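Using ideal geometry, Cβ is built from the backbone for each residue, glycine included, and neighbour counts are taken over all protein chains shown. Numbers and lists here come from the model and the stated rules, or from a named source; none is laboratory data.
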Amino acid sequence: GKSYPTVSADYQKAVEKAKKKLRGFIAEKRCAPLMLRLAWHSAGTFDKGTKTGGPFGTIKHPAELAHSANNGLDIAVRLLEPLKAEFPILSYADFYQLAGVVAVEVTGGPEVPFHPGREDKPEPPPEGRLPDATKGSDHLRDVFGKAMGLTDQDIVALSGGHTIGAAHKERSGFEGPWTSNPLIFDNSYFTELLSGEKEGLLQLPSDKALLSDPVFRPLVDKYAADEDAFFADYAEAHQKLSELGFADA
Ligand code: HEM
């Protein structure tokens, strides 16, 4: 249900050049997981009932970075600022969502479609919309379904973004990677989840809640067996997330 805005040719050219610069930078700095977390926290504050929050540039504001869920993202904002400055015509909103798409691409994931045109909005959303790692399947539906308006399939696919990166005890308090290859975007998050706890590796209570719910569990089994299907459903889910409240809700 989307109607994308028209942007000038100069805007379009800047998008294309920024994507190339972002690839090289993100690869060099080894920070893909962090950029993916930044885009996800930027978008995941959207609430469809009030049409507030979502991917509109606000995560750079000191008021939003202080949200406790956002521990560590000040690093990500700071890292990107000198590059953003080379592209003054782009909104921060677009730039951060593009960083997220590129993070998936450069770690070997699917090519998520990207449409430009998000505007930077002045008011950050209220704290507390991002999900709690200690809660379960009901909470996940409250947040992704009721607030953001995504489907159950989207919830499972997007959880698979834990295939890259790690928790840090100084940020959330949890510690460690979910997979043994945390810079490679693949389906191993789902394979580690099935085979159970392994020393070295992390499972949140919210990751485990996927294994026990009647709807989530078949999707976990599908994605553990078929990386192609995971990549397809992931690209679809990431696109929707990156576009919440944009070009029609
Ligand atoms: C499903 C509900 C989710 C919960 C409860 C959750 C929670 C967390 C927590 C607690 C961390 C550790 C932060 C730290 O200590 O540094 C984390 C990291 C991360 N999250 Fe999630 N998350 C969820 C969904 C998502 C989604 C939808 C995405 C993107 C598609 C995502 C991407 C990531 C990435 C890439 C990291 C690693 C960050 C790094 O390596 O610095 N997560 N998440």
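Some notes on this structure:
- Selection from the range 142-168 of residues that are more than 10 Å from the ligand (Cβ to nearest atom) and either exposed (fewer than 15 other Cβ atoms within 10 Å of the Cβ) or assigned by CATH to the domain that holds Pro62 (or both): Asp142, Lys146
- Of the helices (runs of 4 or more DSSP H) that lie entirely inside the range 1-74, those containing 2 or more residues that are under 22 Å from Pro177 (Cβ atoms) and assigned by CATH to the domain that holds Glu86 span 9-29, 32-43.
- Just one of the listed residues (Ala209, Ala232, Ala225) is surrounded by fewer than 17 Cβ atoms within 10 Å (Cβ to Cβ), closer than 17 Å to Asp152 by Cα and among the hydrophobic types (A, V, I, L, M, F, W, C), namely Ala232.
- Among residues of the range 169-184, those that are surrounded by 15 or more Cβ atoms within 10 Å (Cβ to Cβ) and either within 13 Å of the chain's Cα centre (by Cα) or among the aliphatic types (A, V, I, L, M) (or both), counted: 1
- Test result for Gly196, without any contact (Cβ under 8 Å) to a residue 12 or more places away in the chain, within 15 Å of the ligand (Cβ to nearest atom) and of a type outside the set (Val, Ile, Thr): no
- Hits in the range 84-139 - residues which are among the acidic types (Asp, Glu) and part of a helix (DSSP H, G or I): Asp94, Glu105, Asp138
- Any hit, the range 70-82, residues being closer than 22 Å to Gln12 by Cβ and either of a type outside the set (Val, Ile, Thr) or touching an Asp or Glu at 6+ places or on another chain (Cβ under 9 Å) (or both): yes
- Criterion: closer than 30 Å to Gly173 by Cβ and in contact with a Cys (Cβ under 7 Å, 6 or more places away or on another chain) - qualifying residue of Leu36, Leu79, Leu73: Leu79
- Comparison of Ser42, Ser68 shows that the only residue that is of a type outside the set (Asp, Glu) and over 16 Å from the mean Cα position of the chain (by Cα) is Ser68.
- Listed conditions (1) within 20 Å of the chain's Cα centre (by Cα); (2) more than 16 Å from the ligand (Cβ to nearest atom) are all met by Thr50, apart from (1).
Residue by residue, here is whether (1) within 14 Å of the ligand (Cβ to nearest atom); (2) in contact with a helix residue (DSSP H, G or I) (Cβ under 7 Å, 6 or more places away or on another chain); (3) of a type outside the set (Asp, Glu) holds:
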| residue | (1), (2), (3) |
| --- | --- |
| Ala32 | yes, yes, yes |
| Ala43 | yes, yes, yes |
| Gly57 | no, yes, yes |
| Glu64 | no, yes, no |
| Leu98 | no, yes, yes |
